[PDB]
Amino acid sequence: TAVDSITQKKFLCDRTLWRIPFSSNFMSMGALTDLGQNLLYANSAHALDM
Amino acid sequence: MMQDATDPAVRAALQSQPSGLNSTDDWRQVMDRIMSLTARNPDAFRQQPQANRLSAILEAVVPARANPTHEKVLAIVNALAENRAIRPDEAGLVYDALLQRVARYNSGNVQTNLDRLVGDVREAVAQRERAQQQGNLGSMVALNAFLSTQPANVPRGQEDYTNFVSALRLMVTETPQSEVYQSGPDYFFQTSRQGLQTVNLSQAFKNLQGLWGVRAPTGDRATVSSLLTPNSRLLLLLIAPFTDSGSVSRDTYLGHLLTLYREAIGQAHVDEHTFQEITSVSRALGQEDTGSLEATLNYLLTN
């Protein structure tokens, strides 16, 4: 019984947080990452939008 | 080479103040390290991470007042533990009882004294530690009480005792450590070892006051000198490694037996060097050689 179809692929992903690091490399090495206390993000004031 | 008692003002500093880098106290040591001036590796400050790099600059260029009281008050209380002014389990109370005392009086002239007393109390540990090695202090004062109470220079029989006066004084000066002239009971007595396996009375010595000068028979234990108590006999063998020449070796046993007490020591140190060899050669004998002690018995009996 040959029928025609186009599939729908989707991911499931629960019970973990969407974690992204804070460096120019973007890889968490230690606790304080490169951009965490760098030249640009150290003592100056900045305001995160989204 | 060895140390004095681990410095009491420093032991308490060891447990309180920073170890590696005290940026205010070791200011020109951190300043030498940050200026790339250190001879180990100059750029040890350059290759370090940037954040702790800044922590060294902020702390050294502007010196921050670190807390000094708890390494000064503890310096007294740990010296109180080494001088034994307090017990080791008392370190919880006296540390804070005086901190609560300076909580009430933080700010009088008393704490200006306290740090001068710190240098005094730490020196008192060093003074007493050198003084307990010479236990003469709790010995000469005790001998002063012995010399005053006991009638001195009264041998109206025959006099050889003038030499013996210095003989007891030589025991205080030569060996001082465990040599304490304890006055527990009214009879004076001297201990020689740390555990006191020959502590006889110096008032058992009062048996010798009538025997300061009597007639000598011949060379075998005398017909009269059997009266000398093993108590007083223990003293006269103990003064024997101190004084030899002076007391007449031909007039009474004060000298003849004192020369014979050297015969007991003279055999002992020879047999000591004899025993240290036969026991050492146990690979070639392969037996419990009590003949090392049996020959020692034979070298004392068959003479």
# chains A, B, ... in the order shown; residues from 1 in each chain; ligands from 1

$ interface_residues --of "chain A" --to "chain B" --cutoff "10 Å" --atoms "only C-alpha atoms" --output "MDAnalysis selection string"
chainID A and resid 32 34 37:39 42

$ write_last_selection --atoms "N, CA, C and O atoms" --output "PDB file, in the first residue's frame"
ATOM      1  N   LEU A  32      35.492  31.969  36.487  1.00  0.00           N
ATOM      2  CA  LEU A  32      35.508  33.250  35.788  1.00  0.00           C
ATOM      3  C   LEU A  32      36.118  33.058  34.404  1.00  0.00           C
ATOM      4  O   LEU A  32      37.305  32.736  34.273  1.00  0.00           O
ATOM      5  N   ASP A  34      36.985  34.230  30.296  1.00  0.00           N
ATOM      6  CA  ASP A  34      37.768  35.333  29.708  1.00  0.00           C
ATOM      7  C   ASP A  34      37.073  36.695  29.639  1.00  0.00           C
ATOM      8  O   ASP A  34      37.593  37.670  30.181  1.00  0.00           O
ATOM      9  N   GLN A  37      35.716  38.865  33.180  1.00  0.00           N
ATOM     10  CA  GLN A  37      36.520  39.970  33.698  1.00  0.00           C
ATOM     11  C   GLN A  37      37.687  40.239  32.738  1.00  0.00           C
ATOM     12  O   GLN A  37      38.849  39.929  33.030  1.00  0.00           O
ATOM     13  N   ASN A  38      37.346  40.811  31.580  1.00  0.00           N
ATOM     14  CA  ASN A  38      38.306  41.097  30.511  1.00  0.00           C
ATOM     15  C   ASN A  38      38.718  42.575  30.526  1.00  0.00           C
ATOM     16  O   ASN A  38      38.871  43.169  31.598  1.00  0.00           O
ATOM     17  N   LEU A  39      38.911  43.150  29.337  1.00  0.00           N
ATOM     18  CA  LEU A  39      39.212  44.569  29.162  1.00  0.00           C
ATOM     19  C   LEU A  39      37.928  45.387  28.990  1.00  0.00           C
ATOM     20  O   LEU A  39      37.842  46.518  29.477  1.00  0.00           O
ATOM     21  N   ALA A  42      34.611  44.609  32.747  1.00  0.00           N
ATOM     22  CA  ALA A  42      35.344  44.513  34.017  1.00  0.00           C
ATOM     23  C   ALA A  42      34.786  45.417  35.121  1.00  0.00           C
ATOM     24  O   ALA A  42      34.345  44.922  36.162  1.00  0.00           O
TER      25      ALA A  42
END

$ residues_around --residues "stretch 166-174 of chain B" --least-positions-apart "2" --cutoff "10 Å" --atoms "only C-alpha atoms" --output "list in words"
residues 134, 135, 136, 137, 138, 139, 140, 143, 161, 162, 163, 164, 176, 177, 179, 180, 181, 190, 192, 202, 235, 238, 239, 240, 241, 242, 243, 244 and 246 of chain B

$ select_by_dssp --residues "stretch 32-193 of chain B" --states "helix (DSSP H, G or I)" --output "PyMOL selection string"
chain B and resi 32-34+42-44+50-61+69-71+73-82+88-92+94-104+110-132+135-138+140-149+161-174

$ atom_distance --atom1 "atom CA of residue B:200" --atom2 "atom CA of residue B:184"
12.6 Å

$ residues_around --residues "residue B:206" --least-positions-apart "6" --cutoff "12 Å" --atoms "only C-alpha atoms" --output "PyMOL selection string"
chain B and resi 150-152+187-188+212+228-229+231-232+235

$ write_last_selection --atoms "N, CA, C and O atoms" --output "compact mmCIF listing (two decimals), in the first residue's frame"
# COMPACT_ATOMS: atom_id res chain seq x y z
N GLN B 150 72.35 21.75 108.65
CA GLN B 150 73.39 20.80 109.02
C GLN B 150 74.62 21.55 109.55
O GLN B 150 75.07 22.51 108.91
N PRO B 151 75.15 21.14 110.73
CA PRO B 151 76.35 21.78 111.30
C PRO B 151 77.59 21.58 110.43
O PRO B 151 78.05 20.45 110.23
N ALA B 152 78.11 22.69 109.90
CA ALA B 152 79.25 22.68 108.98
C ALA B 152 80.57 22.88 109.71
O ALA B 152 80.66 23.67 110.65
N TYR B 187 64.28 15.51 105.90
CA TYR B 187 65.57 15.00 105.44
C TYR B 187 65.80 15.43 103.99
O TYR B 187 64.92 15.25 103.14
N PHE B 188 66.97 16.00 103.73
CA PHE B 188 67.37 16.37 102.37
C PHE B 188 67.76 15.14 101.57
O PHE B 188 68.31 14.18 102.13
N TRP B 212 84.00 10.31 110.69
CA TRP B 212 84.83 11.23 109.89
C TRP B 212 86.34 11.00 110.05
O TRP B 212 87.14 11.56 109.29
N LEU B 228 78.19 1.46 108.24
CA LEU B 228 77.83 2.33 107.11
C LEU B 228 76.64 1.76 106.32
O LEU B 228 76.74 0.71 105.68
N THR B 229 75.52 2.47 106.42
CA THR B 229 74.23 2.07 105.84
C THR B 229 74.26 2.14 104.31
O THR B 229 74.81 3.10 103.76
N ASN B 231 72.10 3.16 102.54
CA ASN B 231 71.52 4.47 102.24
C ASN B 231 72.64 5.50 102.03
O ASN B 231 72.66 6.19 101.00
N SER B 232 73.56 5.59 102.99
CA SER B 232 74.72 6.49 102.92
C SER B 232 75.78 6.01 101.92
O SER B 232 76.50 6.82 101.33
N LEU B 235 74.97 7.31 98.49
CA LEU B 235 75.43 8.70 98.32
C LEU B 235 76.91 8.77 97.96
O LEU B 235 77.30 9.51 97.06

$ residues_around --residues "stretch 4-21 of chain A" --least-positions-apart "2" --cutoff "12 Å" --atoms "only C-alpha atoms" --output "compact mmCIF listing (two decimals) with C-alpha atoms, in the first residue's frame"
# COMPACT_ATOMS: atom_id res chain seq x y z
CA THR A 1 0.00 0.00 0.00
CA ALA A 2 2.32 2.72 -1.36
CA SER A 23 34.31 34.39 26.69
CA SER A 24 35.66 35.38 23.24
CA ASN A 25 36.42 31.66 22.81
CA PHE A 26 32.91 30.88 24.19
CA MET A 27 34.11 27.95 26.34
CA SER A 28 33.89 27.83 30.15
CA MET A 29 37.45 27.41 31.45
CA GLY A 30 37.30 27.69 35.26
CA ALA A 31 34.67 29.76 37.07
CA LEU A 32 35.51 33.25 35.79
CA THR A 33 35.68 33.04 31.99
CA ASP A 34 37.77 35.33 29.71
CA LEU A 35 35.13 38.00 28.90
CA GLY A 36 33.71 37.72 32.46

$ atom_distance --atom1 "atom CA of residue B:291" --atom2 "atom CA of residue B:264"
19.8 Å

$ residues_around --residues "residue B:111" --least-positions-apart "2" --cutoff "12 Å" --atoms "only C-alpha atoms" --output "number ranges by chain"
B: 69, 72-73, 98-99, 101-109, 113-118

$ closest_residue --among "B:68, B:157, B:217, B:18" --to "residue B:250" --atoms "only C-alpha atoms"
B:217
